[PDB]
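Structure first, then comments.
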Amino acid sequence: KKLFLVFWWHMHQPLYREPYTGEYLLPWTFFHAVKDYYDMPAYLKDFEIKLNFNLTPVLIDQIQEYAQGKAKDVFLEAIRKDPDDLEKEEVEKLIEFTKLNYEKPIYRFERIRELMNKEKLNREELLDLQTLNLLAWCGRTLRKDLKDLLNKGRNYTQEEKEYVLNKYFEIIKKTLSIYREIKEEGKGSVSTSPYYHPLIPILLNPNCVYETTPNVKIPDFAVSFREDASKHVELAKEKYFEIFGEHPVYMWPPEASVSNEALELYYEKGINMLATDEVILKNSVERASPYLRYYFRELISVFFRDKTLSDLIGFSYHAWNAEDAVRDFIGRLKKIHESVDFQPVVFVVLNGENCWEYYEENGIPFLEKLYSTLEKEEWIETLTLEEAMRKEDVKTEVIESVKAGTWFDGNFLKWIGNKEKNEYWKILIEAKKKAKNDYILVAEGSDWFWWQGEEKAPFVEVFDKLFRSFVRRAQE
Ligand SMILES: OC[C@H]1O[C@H](O[C@H]2[C@H](O)[C@@H](O)[C@@H](O[C@H]3[C@H](O)[C@@H](O)[C@@H](O[C@H]4[C@H](O)[C@@H](O)[C@@H](O[C@H]5[C@H](O)[C@@H](O)[C@@H](O[C@H]6[C@H](O)[C@@H](O)[C@@H](O[C@H]7[C@H](O)[C@@H](O)[C@@H](O)O[C@@H]7CO)O[C@@H]6CO)O[C@@H]5CO)O[C@@H]4CO)O[C@@H]3CO)O[C@@H]2CO)[C@H](O)[C@@H](O)[C@@H]1O
């Protein structure tokens, strides 16, 4: 009797590229590409396990633009320049960015504490601030290769900074290749999401929000987004086809969001399997185990992720010692293994790039200990998505209906329902009436609504600038 374990790491960034200037207004795609997007699948070169990944098409687009050297990244140009060439605004942007990341474990360099406690910084000190911001986002592979510059910790030269930058772009240029390789070798499956990561159930039917939050206010949806919902899915299939030469058979619905209509659309578009959240299962079926493969109306296969285990990695284990975290994780899998007579399928689904910066050493001790332990546990078999989809020796169940929701409390309140988020929907609804190009799809991405009307921290104004720019461009 085995326990089947399925890791599914979701990778996404909204489009940071301003449509009129072409400038990347935030550097997050760059930093998560050099730190996480290559290195998470690159663990498969050192550990004989299966790991699966989701890549949104919008993220793939930006990775390609950086690998081709066409990405005009405003924050990165402030990093690359000789400090004597920096504009006063670029120095402020560099300091603000450091301050935003200052308490993250990956930013624990003593030299950073010194620089941020100085009244003014000379050229030598700015070069360290530039280079240490680069090095704090160093991924596992180059952490081994650049160890001597990393342990230097201070006194960086322009030449050393440009060397690091060169190695980072080498990593980005190999990123889509590593996904093709692990896919070809059978080390994992690769999925995508509808193109700009929208909330498909809302696009299809905005009233589905009342299935879980009857008291919420939503704007007057005076146009139909149903066709744009088909578009996100179709163009995502095209983009995945471009990269991997095959149409995607698995999809990760953005924010785990499903509804009866969304599942029908995924089915009509040829999708054979997706996953969603455990809260959706419990809202939809009176008594239901998340360790079975589910068939929605015998149309499409659905797995419901293990919310606890997914949340443990995504939010808890950063605060633990690495060995104890893995002992806890393994112990829970042993309890699942012993508690059922059949072979349970356990789905661990979370973002693949956002939790590691809060772990010691960028999550590397945790993941190396976790993956080394998993690979030696006889009774655990990690599975590609394809294997989990086609696995014969598992338990299965048909379900006929789901209550619409997301993995945020099983509802849509992260993206609609307050004055500020509803204003974005009003802006999109009016813009959709006058839309003339696919920038209307960019504006339908979940991220713009996620950040809206939530507390004001640095650079969240940039998301508002991007959303409104895409909405304006969509009408020209
Ligand atoms: O002050 C309080 C605030 O402080 C901190 O937040 C800071 C950050 O520290 C700072 O670095 C910066 O954040 C940056 C970020 O660093 C950049 O990378 C970028 O963020 C990107 C991100 O990298 C992308 O992956 C993408 O995020 C999507 C994501 O792909 C998508 O899957 C989804 O994921 C979230 C989901 O919506 C949430 O509900 C939740 O999901 C959990 C559920 O909550 C839970 O219930 C569980 O069961 O399951 C779910 C999954 O595990 O979290 C998910 C996060 O993965 O949505 C996100 C967002 O759309 O895109 C974003 C960009 O949109 O940019 C940001 C912004 O600059 O700035 C912030 C604020 O200053 C602290 O970390 C944070 O906790 C505090 O709120």
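Letters for chains follow the order of the structure tokens (A, B, ...), residue numbers begin at 1 for each chain, and ligand numbers begin at 1 in the order shown.
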Within 7 Å of ligand 1, counting only C-alpha atoms and all ligand atoms, residues as a VMD selection string: chain A and resid 10 to 14 28 32 100 to 101 254 to 255 307 310 to 311 314 350 to 351 353 to 354 407 to 409 446 to 448 450 to 451 457 to 460
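Per DSSP on the backbone, alpha helix (DSSP H) in range 159-198 of chain A comprises residues 159, 160, 161, 162, 163, 164, 165, 166, 167, 168, 169, 170, 171, 172, 173, 175, 176, 177, 178, 179, 180, 181, 182, 183 and 184 of chain A.
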Writing out the chosen residues with N, CA, C and O atoms as an mmCIF file, in the first residue's frame:
```cif
data_model
loop_
_atom_site.group_PDB
_atom_site.id
_atom_site.type_symbol
_atom_site.label_atom_id
_atom_site.label_comp_id
_atom_site.auth_asym_id
_atom_site.auth_seq_id
_atom_site.Cartn_x
_atom_site.Cartn_y
_atom_site.Cartn_z
ATOM 1 N N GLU A 159 32.445 45.499 -11.579
ATOM 2 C CA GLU A 159 32.712 44.301 -12.376
ATOM 3 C C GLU A 159 32.066 43.070 -11.760
ATOM 4 O O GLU A 159 31.488 42.238 -12.474
ATOM 5 N N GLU A 160 32.162 42.938 -10.444
ATOM 6 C CA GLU A 160 31.524 41.833 -9.747
ATOM 7 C C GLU A 160 30.010 41.907 -9.871
ATOM 8 O O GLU A 160 29.344 40.875 -10.022
ATOM 9 N N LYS A 161 29.441 43.116 -9.804
ATOM 10 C CA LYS A 161 27.993 43.259 -9.954
ATOM 11 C C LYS A 161 27.536 42.841 -11.352
ATOM 12 O O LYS A 161 26.524 42.135 -11.503
ATOM 13 N N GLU A 162 28.272 43.267 -12.384
ATOM 14 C CA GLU A 162 27.951 42.881 -13.754
ATOM 15 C C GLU A 162 28.170 41.389 -13.984
ATOM 16 O O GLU A 162 27.445 40.776 -14.773
ATOM 17 N N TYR A 163 29.148 40.791 -13.307
ATOM 18 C CA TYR A 163 29.312 39.340 -13.389
ATOM 19 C C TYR A 163 28.073 38.625 -12.866
ATOM 20 O O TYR A 163 27.542 37.709 -13.512
ATOM 21 N N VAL A 164 27.592 39.047 -11.696
ATOM 22 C CA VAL A 164 26.378 38.471 -11.119
ATOM 23 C C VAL A 164 25.199 38.643 -12.072
ATOM 24 O O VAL A 164 24.443 37.699 -12.327
ATOM 25 N N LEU A 165 25.004 39.867 -12.581
ATOM 26 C CA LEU A 165 23.931 40.125 -13.540
ATOM 27 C C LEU A 165 24.007 39.185 -14.739
ATOM 28 O O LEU A 165 22.978 38.668 -15.195
ATOM 29 N N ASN A 166 25.213 38.980 -15.280
ATOM 30 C CA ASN A 166 25.403 38.071 -16.411
ATOM 31 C C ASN A 166 24.976 36.660 -16.055
ATOM 32 O O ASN A 166 24.305 35.983 -16.845
ATOM 33 N N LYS A 167 25.378 36.185 -14.877
ATOM 34 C CA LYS A 167 24.986 34.840 -14.488
ATOM 35 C C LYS A 167 23.479 34.740 -14.291
ATOM 36 O O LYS A 167 22.888 33.706 -14.606
ATOM 37 N N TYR A 168 22.848 35.800 -13.783
ATOM 38 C CA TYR A 168 21.401 35.777 -13.589
ATOM 39 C C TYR A 168 20.673 35.654 -14.916
ATOM 40 O O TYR A 168 19.705 34.896 -15.033
ATOM 41 N N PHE A 169 21.118 36.404 -15.933
ATOM 42 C CA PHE A 169 20.475 36.324 -17.238
ATOM 43 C C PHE A 169 20.722 34.975 -17.903
ATOM 44 O O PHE A 169 19.853 34.477 -18.634
ATOM 45 N N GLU A 170 21.875 34.362 -17.639
ATOM 46 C CA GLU A 170 22.097 32.982 -18.060
ATOM 47 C C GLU A 170 21.035 32.054 -17.479
ATOM 48 O O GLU A 170 20.514 31.175 -18.182
ATOM 49 N N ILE A 171 20.702 32.243 -16.196
ATOM 50 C CA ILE A 171 19.669 31.436 -15.551
ATOM 51 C C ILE A 171 18.324 31.642 -16.245
ATOM 52 O O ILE A 171 17.622 30.678 -16.582
ATOM 53 N N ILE A 172 17.944 32.906 -16.470
ATOM 54 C CA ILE A 172 16.677 33.196 -17.137
ATOM 55 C C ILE A 172 16.636 32.559 -18.524
ATOM 56 O O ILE A 172 15.612 31.991 -18.930
ATOM 57 N N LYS A 173 17.747 32.613 -19.262
ATOM 58 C CA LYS A 173 17.777 32.055 -20.614
ATOM 59 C C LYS A 173 17.608 30.539 -20.637
ATOM 60 O O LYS A 173 17.204 29.995 -21.672
ATOM 61 N N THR A 175 15.555 28.915 -18.455
ATOM 62 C CA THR A 175 14.407 28.592 -17.609
ATOM 63 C C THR A 175 13.344 27.801 -18.374
ATOM 64 O O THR A 175 12.891 26.749 -17.912
ATOM 65 N N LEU A 176 12.937 28.277 -19.550
ATOM 66 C CA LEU A 176 11.968 27.498 -20.316
ATOM 67 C C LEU A 176 12.557 26.156 -20.752
ATOM 68 O O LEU A 176 11.834 25.154 -20.814
ATOM 69 N N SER A 177 13.866 26.106 -21.030
ATOM 70 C CA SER A 177 14.499 24.833 -21.368
ATOM 71 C C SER A 177 14.413 23.825 -20.232
ATOM 72 O O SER A 177 14.291 22.616 -20.485
ATOM 73 N N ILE A 178 14.539 24.277 -18.971
ATOM 74 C CA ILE A 178 14.513 23.278 -17.902
ATOM 75 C C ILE A 178 13.103 22.706 -17.759
ATOM 76 O O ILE A 178 12.938 21.507 -17.481
ATOM 77 N N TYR A 179 12.072 23.523 -17.982
ATOM 78 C CA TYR A 179 10.710 22.998 -17.917
ATOM 79 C C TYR A 179 10.468 21.973 -19.018
ATOM 80 O O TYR A 179 9.903 20.905 -18.754
ATOM 81 N N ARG A 180 10.938 22.246 -20.247
ATOM 82 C CA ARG A 180 10.817 21.259 -21.321
ATOM 83 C C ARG A 180 11.558 19.974 -20.970
ATOM 84 O O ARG A 180 11.060 18.872 -21.233
ATOM 85 N N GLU A 181 12.750 20.099 -20.373
ATOM 86 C CA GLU A 181 13.559 18.925 -20.050
ATOM 87 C C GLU A 181 12.891 18.032 -19.005
ATOM 88 O O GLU A 181 12.804 16.811 -19.191
ATOM 89 N N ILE A 182 12.451 18.606 -17.876
ATOM 90 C CA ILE A 182 11.851 17.760 -16.844
ATOM 91 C C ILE A 182 10.542 17.172 -17.356
ATOM 92 O O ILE A 182 10.140 16.073 -16.947
ATOM 93 N N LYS A 183 9.873 17.881 -18.264
ATOM 94 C CA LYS A 183 8.657 17.356 -18.875
ATOM 95 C C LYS A 183 8.969 16.196 -19.808
ATOM 96 O O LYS A 183 8.294 15.160 -19.769
ATOM 97 N N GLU A 184 9.995 16.352 -20.652
ATOM 98 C CA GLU A 184 10.369 15.291 -21.577
ATOM 99 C C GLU A 184 10.877 14.063 -20.832
ATOM 100 O O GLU A 184 10.595 12.931 -21.231
#
```
Dump as JSON lines the rows for residues of range 149-208 of chain A within 7 Å of range 123-133 of chain A: closest atom pair and distance in Å with one decimal, only C-alpha atoms counted, ordered by chain and rising residue number.
```
{"residue": "A:154", "atom": "CA", "partner": "A:128", "partner_atom": "CA", "distance": 5.9}
{"residue": "A:155", "atom": "CA", "partner": "A:128", "partner_atom": "CA", "distance": 6.1}
{"residue": "A:156", "atom": "CA", "partner": "A:128", "partner_atom": "CA", "distance": 5.4}
{"residue": "A:157", "atom": "CA", "partner": "A:127", "partner_atom": "CA", "distance": 6.7}
{"residue": "A:158", "atom": "CA", "partner": "A:127", "partner_atom": "CA", "distance": 6.9}
{"residue": "A:161", "atom": "CA", "partner": "A:131", "partner_atom": "CA", "distance": 5.5}
```
Write out as a list in words the residues lying within 10 Å of residue 26 in chain A, counting only C-alpha atoms and excluding same-chain residues fewer than 3 positions away.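 Surrounding residues, per the criterion: residues 15, 16, 17, 18, 23, 29, 30, 31, 73, 74, 75, 76, 459, 460, 462 and 463 of chain A.
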Shell around residue 402 in chain A at 9 Å using only C-alpha atoms, local window under 5 positions removed, as a PyMOL selection string: chain A and resi 258-260+280-281+283-285+296
Nearest to residue 96 in chain A by atom-to-atom distance, counting only C-alpha atoms, from A:5, A:116, A:238, A:58: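 Checking each of A:5, A:116, A:238, A:58 against residue 96 in chain A, counting only C-alpha atoms, the winner is A:116.
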Which residues of range 337-419 of chain A have any atom within 9 Å of an atom in range 45-53 of chain A when counting only C-alpha atoms, and what is the closest pair of atoms for each, with the distance in Å to one decimal? Order the rows by chain and rising number and write it as CSV.
```
residue,atom,partner,partner_atom,distance
A:352,CA,A:53,CA,8.0
A:368,CA,A:47,CA,8.4
A:371,CA,A:47,CA,6.5
A:372,CA,A:47,CA,6.6
A:374,CA,A:49,CA,7.7
A:375,CA,A:49,CA,5.9
A:381,CA,A:49,CA,8.2
A:382,CA,A:50,CA,5.3
A:383,CA,A:50,CA,5.4
A:384,CA,A:50,CA,5.6
A:385,CA,A:52,CA,6.6
```
Taking only residues of range 400-427 of chain A that have an atom at most 10 Å from an atom of range 440-444 of chain A, what is each one's shortest atom pair and its distance in Å to one decimal, using only C-alpha atoms, in chain and number order, as a tab-separated table?
```
residue	atom	partner	partner_atom	distance
A:424	CA	A:443	CA	9.5
A:425	CA	A:444	CA	9.0
A:427	CA	A:443	CA	9.9
```
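Counting only C-alpha atoms and comparing A:219, A:19, A:248, A:139, the residue that lies closest to residue 473 in chain A is A:19.
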